[PDB]
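Residue-level structural notes
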Amino acid sequence: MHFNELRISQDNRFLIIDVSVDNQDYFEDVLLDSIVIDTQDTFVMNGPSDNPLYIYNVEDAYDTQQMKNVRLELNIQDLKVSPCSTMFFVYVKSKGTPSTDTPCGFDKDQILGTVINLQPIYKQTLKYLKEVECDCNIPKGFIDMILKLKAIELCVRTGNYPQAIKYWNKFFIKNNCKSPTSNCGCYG
Amino acid sequence: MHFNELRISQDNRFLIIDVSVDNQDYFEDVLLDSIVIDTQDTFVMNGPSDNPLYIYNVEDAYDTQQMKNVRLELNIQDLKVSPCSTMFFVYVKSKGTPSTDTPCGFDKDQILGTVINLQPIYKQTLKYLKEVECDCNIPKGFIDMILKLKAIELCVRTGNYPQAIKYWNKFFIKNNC
Amino acid sequence: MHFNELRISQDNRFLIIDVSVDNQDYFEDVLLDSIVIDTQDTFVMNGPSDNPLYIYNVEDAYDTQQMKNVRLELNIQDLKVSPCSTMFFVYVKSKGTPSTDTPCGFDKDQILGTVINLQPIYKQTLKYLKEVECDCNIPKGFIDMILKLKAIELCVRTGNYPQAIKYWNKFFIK
Amino acid sequence: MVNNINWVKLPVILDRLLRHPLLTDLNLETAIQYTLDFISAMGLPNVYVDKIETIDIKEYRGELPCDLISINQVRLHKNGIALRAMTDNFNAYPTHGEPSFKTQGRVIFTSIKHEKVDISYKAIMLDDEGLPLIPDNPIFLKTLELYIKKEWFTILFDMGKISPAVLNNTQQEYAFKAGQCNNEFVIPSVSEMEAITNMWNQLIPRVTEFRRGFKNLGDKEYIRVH
Amino acid sequence: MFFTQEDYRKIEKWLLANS
Amino acid sequence: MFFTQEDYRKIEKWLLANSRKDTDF
Amino acid sequence: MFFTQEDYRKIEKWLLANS
Amino acid sequence: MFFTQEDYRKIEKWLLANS
Amino acid sequence: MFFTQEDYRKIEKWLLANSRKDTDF
Amino acid sequence: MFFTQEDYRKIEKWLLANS
Amino acid sequence: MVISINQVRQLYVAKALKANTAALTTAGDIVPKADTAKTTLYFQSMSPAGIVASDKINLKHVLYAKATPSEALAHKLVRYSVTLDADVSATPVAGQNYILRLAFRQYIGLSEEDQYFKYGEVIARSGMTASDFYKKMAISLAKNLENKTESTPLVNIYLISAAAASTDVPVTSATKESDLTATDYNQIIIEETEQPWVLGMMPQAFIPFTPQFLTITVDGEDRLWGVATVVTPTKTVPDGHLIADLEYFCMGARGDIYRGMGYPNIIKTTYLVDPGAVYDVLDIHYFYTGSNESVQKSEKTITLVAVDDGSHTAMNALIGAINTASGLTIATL
Amino acid sequence: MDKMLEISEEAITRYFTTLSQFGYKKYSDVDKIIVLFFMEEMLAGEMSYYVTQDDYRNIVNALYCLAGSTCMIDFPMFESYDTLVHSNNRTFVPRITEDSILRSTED
Amino acid sequence: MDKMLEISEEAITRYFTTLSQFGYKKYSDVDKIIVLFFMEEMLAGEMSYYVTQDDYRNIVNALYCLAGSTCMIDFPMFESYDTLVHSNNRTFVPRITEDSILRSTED
């Protein structure tokens, strides 16, 4: 199993999820069970919390490739959370048994992916961007913002998620952005 | 729409563009229209500039799902530009009306993809690492290059392409590869 | 899989390699595969490098328990390297699947063993002891040599072979 | 200088100042300021790092390095001819000779339009931290200690927290050690006295070592035998 | 700018409206 | 690409420069 | 949105082409 | 690297995995 | 000598540069 | 784990040899 | 042949590799010998009357050691597609005289002032197509350039049919009009040929040519008649004649500088190369330096030559035995 | 444009916010504000018809000197999804282990 | 690699731990952190295809200058069972007090 598109729309409306089982020929019998959305405030070390933010069972739909690829486009206003000061954990639960002879560690029934809105972080980094031009001084703000982002990236891709929330709360929980205008806009 | 792969070939002879349209149930009616290549000299903010480097029309190649996927391998030396010292901008257009159930924000006809050659940066990093191997001191130029690359990355991801051109032309223009 | 003796001959003419597979019951299926020799010039962290110094494939010698134990004696001059100023890296491989009852971490196909010539070090220690005999003062070069040897020991036992070669080339060759 | 400038970190001075119970509130923040003040007030050239760095001239103007404090010389990169101070009042201004230069800030105003120039300049030896790095000469350390002590006692005496005799003694000691340090860092070594001797005794005087980088200021002046 | 054909058709449509 | 009213106003203001009325023949 | 002169040239020329 | 044969068999096994 | 999915991904991305489809004959 | 260019060259050549 | 040297050039033939001193039995073997402290490389060979050695290559005083294959030393024979110029007239007009002139430039001498001009001529008639015209001019050139009376082989001419379009039909001074039965001849390919070679006395050099045309006055205008475009070459001259004259020269350093001068009394050197075999060349160029004020350089080179069999087997084993013994990175060709 | 208007509105609002908290802004910065809203006026009126694409290029490159110059003028953020190093999501699908005459082969 | 990841995570975590305890880290060491994570993303990205084994040697031998440079970066520990002088566990077993024409013999 893997993630194809894990992103928040830059208009700060939609938490885009697009998961698909891996295409190898041992992964026929493995299907998708459910999608659990969780936040930094309701996180647990192992598996989803018992108080998630949103649950979506895949099998409550057409009943096979339609299962093997799923996409959610949740409106964040419905979830009653801020698109910018919120960091989401997307758990995807599998339903089935991979055929034997697979190399071990590919038969992971659960996969987890972290989501953040980088646009306000780029807004903060653009402030210190021009320090790169000036010589004779260290671009201290630019380096600080780069290290702040890289800490969260590193702590996510290593699985050290709790320290990732600690850094996120320290740094970016006070991020501000323009809330999506609920009345839709004319453009194209 | 989106990009599948967008890079310069490892042989420094081709500029690869592979475009595909999103698989969405509301993008059946959307196809691909054209591919426009611009450099840091002709780039303009409001869409592709006039007198572009290379205009490509997709209905010439094919004789409907073929229209939804396009791949190119443009010999850069035919474009009459330096593969090392050029910053290609690749625009793509849709020529299609998505469905009425399209979520707000996804009905963007145009996209943009920036391209640079990574060999010169690689060779510069190897030179700086070789300097580091002597006396285990980091040259300040190495940190400067890293942070200038980060600045160009931030400018590109934020859409501030003119200042990215400024930084590129000022700092990284003289490149050996 | 382990080493029985990995030594350079006292005559400074042969490089002795005597490998064996462990005696525990669940390496019955496992055999010995090959012997790859690298120096301080051609080493790479990720296994043996390309263009190695000397490759050896063990089916060639024999015509199955004979294949579990191997002994080599390479004339170092035939390898076209200096026996006194060369640090050899000796890789070995298994080409065999252990049973399913193996305790975790024991199933590793590859090992490595570093080799150097102790004769020059012995001569340096004898020279420094001769210096000590005169006036009973410890030369500081002797303590430096001792501590640098201990540094290379620590680097080898921790697996930090790059800095190990750096120290070797910087101190015990030049 | 007879002795060598072995470098040590700044808090070596706070090792020595804070022995005094009346100087216990001094800090590295104060040490940095008063140390820079002492370095400049003494103006000893052996304390600065000699560096050479080339720049290009765009049009009678060039960008100056960041750490520059003083310029030993400026020369043309291709000829090697050294530059002189620019006495001209209308250098880069046209209406309707020997090259020269001038430096104020981060800009150097040369009399050449487009050329590369070599600048031999002096800077400060820094630490792994971006801080000044001081000589460990105990004369220098004692004089800097006395400078910081004298400043702090001047403040306390303006407050009325120090007897005037104490401040007078501190100023006297600092004055003597300032003279001592000035002479220590200035008086030539034996190898420098050979250079001075070769410069001094010249049957045919040499008066054009500025054109070169004073390379031959110290060469011996050998007369052939006839 | 490129002004693909449907933009020209939009311009025609608008202009021809109060025609 | 979406055009709003002011873009159309600019287009008409440009086209008015080139054109005349029948009386102007 | 912002038009240059060349945009107006394109629009007007293409309109006359269709008249 | 010095690849063993069985590693190559693994590579082709996993490549023909998406056969 | 164990391979993870990522290593196989690198192998794929290398091999894709060398191979082409039926249409490209 | 890490690959270099030569590793990929060996892998692809060994693939093509047996195809 | 006589070549230029960088103060010496010595050649040794690698007809076999033996890896040890006591195994040199056949003449022409080679053993690259070097000590374990990589300071000296030298080559012991088995000469036909004893064991010889090379000069002692100081391995730090090496400038380049690059081995060159057998196909990078083969002369490609240039071609010329002679056709009718379609913009003048697609078909030959029935009155004019159609002459082709071949302009040679090093006919007997070495200069381009020592020229030679051979011709071919057809009078065109009515009803004569383009294919019937090329059938008439390849006979006219083969009776000029490929006759049995010419003192030197100058060029080789062929015709090309439009059905085949790749295979050459050769036309010599015995071929008639009735032998060539094709109505679709569309070009005449004129190809350079291999000049004779006598060992050491007549080296491998060639005679170049450029086909030039006369005028046909198509409409009261003296328009040139044709166009000659150079085609990519197909036939190669192999490397046997170059290395056999290269060994013949380089034996003069270690041996007699004369080779037969005075013939009751020669020292007849027995050579090892076959002139009908193609060879690979490795040229190690090193120098000499005294360890004193005289750091001035005396350049040398040692050329080793091994037989090519198509897969470069005999040379790639020679390079590897030099690589491990001496510690040099000669690129395996 | 519709974005120069937003940038100028933000800039003058920040200017008067500073003049509310403080009673002073650098006139070297008021000069940049003046340049900014002069350009906003000129491009959004009857004077834009003299603008070529070269003029547009020069105008944009001159305006971006104002971008991070002050706190009032800030770097604009546009909708972009690109980068200097794009991803490779192509998939490998071998056919019947079939090598071509020289290259490998997929679907 | 999977280890440059661990070293980079450790280094930046230590950096921010120091900025939590103190309010200052030497920028001469922030330079080393920058070089380290820049290298790791260089080697775990789309630019890992341009590296030869000589380049790998150079990169490793240049990164080992950062090993003990600061407390943030440490000497990595690998699973090793070797040493500069090995133990001789071979055993001696002659055959009924026999010898060869010159020397001793065993089983």
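Residues numbered from 1 in each chain as written, not as in the entry; some residues may be left out. Chains lettered and ligands numbered in written order. Part of a larger assembly, values for the part shown. Heavy atoms only, no water.

Together, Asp-25, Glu-28, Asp-29 and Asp-101 of chain B make up a negatively charged patch on the protein surface. As for its position among the elements, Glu-28 of chain B is in the loop between β2 (14-20) and β3 (34-38). (Patch = residues over 30% accessible without salt bridge, like charges linked within 9 Å, V, L, I, M, F, W, Y side chains within 5 Å. Areas by Shrake-Rupley, 256 points an atom, 1.4 Å probe, with all protein chains shown as cover. Salt bridge = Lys/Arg side-chain N within 4 Å of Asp/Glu carboxyl O. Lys, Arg positive; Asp, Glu negative; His and termini not counted. Charge placed at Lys NZ, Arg CZ, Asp CG, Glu CD. Helix = DSSP H or I, 4+ residues; strand = E, 2+ residues; numbered from the N terminus.)

Attention now goes to the sheet that holds β3 of chain B. Working definition: the strands of a sheet are paired by backbone hydrogen bonds and lie parallel or antiparallel to each other. Residue and element names in this part refer to chain B. Pairing in this open sheet of 4 strands is antiparallel, and the strands run β4-β3-β6-β7 from one edge to the other. Edge positions in the sheet fall to β4 (54-57) and β7 (111-115), since each of these pairs with one other strand and no more. Between one strand axis and the next, the sheet turns by 15° as a mean value, whatever way the strands run. Bridge count for β3 against strand β6 (residues 88-93) is 5 bridges, and the pairing is antiparallel. (Pairing = 2+ DSSP bridges. Axes fitted to C-alpha atoms, helices over the stretch in contact; angles between N-to-C directions.)

Here we take up the sheet that holds strand β2 (residues 14-20) of chain C. Residue and element names in this part refer to chain C. What the 3 strands build is an open sheet, ordered β1-β2-β5; its pairing is antiparallel. Every interior strand has two partners, whereas the edge strands, β1 (2-8) and β5 (69-75), have only one. Neighbour-to-neighbour, the strand axes of the sheet open up by a mean angle of 5°, direction not taken into account. Looking at chain direction, β1 and β2 are connected through 6 bridges and run antiparallel. If you follow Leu-6 over to β2, its bridge partner there is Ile-17.

Attention now goes to the packing of helix α4 (residues 140-157) of chain B against helix α5 (residues 161-172) of chain B. All names here are of chain B. Relative to each other, α4 and α5 sit at 155°, their axes nearing to 8 Å. Accordingly, the angle class assigned to the pair α4 and α5 is roughly antiparallel. Every pair of crossing elements has a handedness; the one defined by α4 and α5 is left-handed. Contacts between α4 and α5 involve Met-145, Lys-148, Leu-149, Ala-151, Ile-152, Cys-155 and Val-156 from the former and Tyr-161, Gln-163, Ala-164, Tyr-167, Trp-168, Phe-171 and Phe-172 from the latter. (Parallel < 35°, antiparallel > 145°, perpendicular 65-115°, else oblique. Left-handed = near helix turned anticlockwise from the far one by under 90°. Contact = heavy atoms within 4.5 Å.)

Taken as a whole and assessed by the stated rule, the structure comprises 5 disulfides over all chains. Disulfide partner of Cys-84 of chain A: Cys-177 of chain A, at an S-S distance of 2.0 Å. Between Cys-84 of chain A and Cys-177 of chain A, the S-S dihedral sits near 115°, and the bridge is therefore right-handed. A residue pair is termed long-range when its members are at least 10 positions apart, and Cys-84 of chain A in the loop between α2 (76-79) and β6 (88-95) and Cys-177 of chain A in the segment after α5 (161-171) qualify at 93 residues. In this model, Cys-184 of chain A is linked to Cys-104 of chain B through a disulfide, with the two sulfur atoms separated by 2.0 Å. Note that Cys-184 of chain A is positioned in the segment after α5 and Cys-104 of chain B in the loop between β6 and β7, a pairing that runs across two chains. Free of any disulfide, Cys-71 of chain L has its nearest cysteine sulfur in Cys-134 of chain A, 17 Å distant. Residue classification places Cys-71 of chain L among the partly exposed residues on the basis of a relative accessible area of 47%. (Disulfide = S-S within 2.5 Å. Buried < 20%, exposed > 50% of the residue type's maximum accessible area, 1.4 Å probe, protein only.)

Let's shift gears to empty space enclosed by the protein. The gaps left among the atoms become clear once a water-sized probe is rolled over them. Here the largest cavity defines a volume of roughly 240 Å³. Taken together, 18 residues form the lining of the largest cavity, with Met-4, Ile-7, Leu-63, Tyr-64 and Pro-76 of chain L sitting closest to its centre. For the lining of the largest cavity, the secondary structure elements donating two or more residues are α1 (4-21), α2 (27-43) and α3 (53-63) of chain L. Take the lining of the largest cavity: its biggest share by element is 4 residues, from α3 of chain L. A breakdown of the residues in the lining of the largest cavity according to their chemical character gives 16 nonpolar, no polar and 2 charged. Considered as a void within the structure, the second largest cavity measures approximately 200 Å³ in volume. Along the walls of the second largest cavity sit 20 residues, with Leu-6, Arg-7, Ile-8 and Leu-118 of chain B together with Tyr-50 of chain M positioned nearest its centre. Of all the elements in the fold, those that place two or more residues in the lining of the second largest cavity are β1 (2-8) and β7 of chain B. Counting residues per element, the lining of the second largest cavity draws most heavily on β1 of chain B, which supplies 4 residues. When grouped by side-chain class, the residues that make up the lining of the second largest cavity number 8 nonpolar, 9 polar and 3 charged. (1 Å grid on protein atoms, 1.4 Å probe; cavity = no way out; pocket = protein on both sides within 12 Å on 5 of 7 lines; lining within 4 Å. Points joined across faces, edges and corners; volume = space filled by probe spheres on them. Nonpolar A, V, L, I, M, F, W, Y, C, P; charged D, E, K, R; others polar.)

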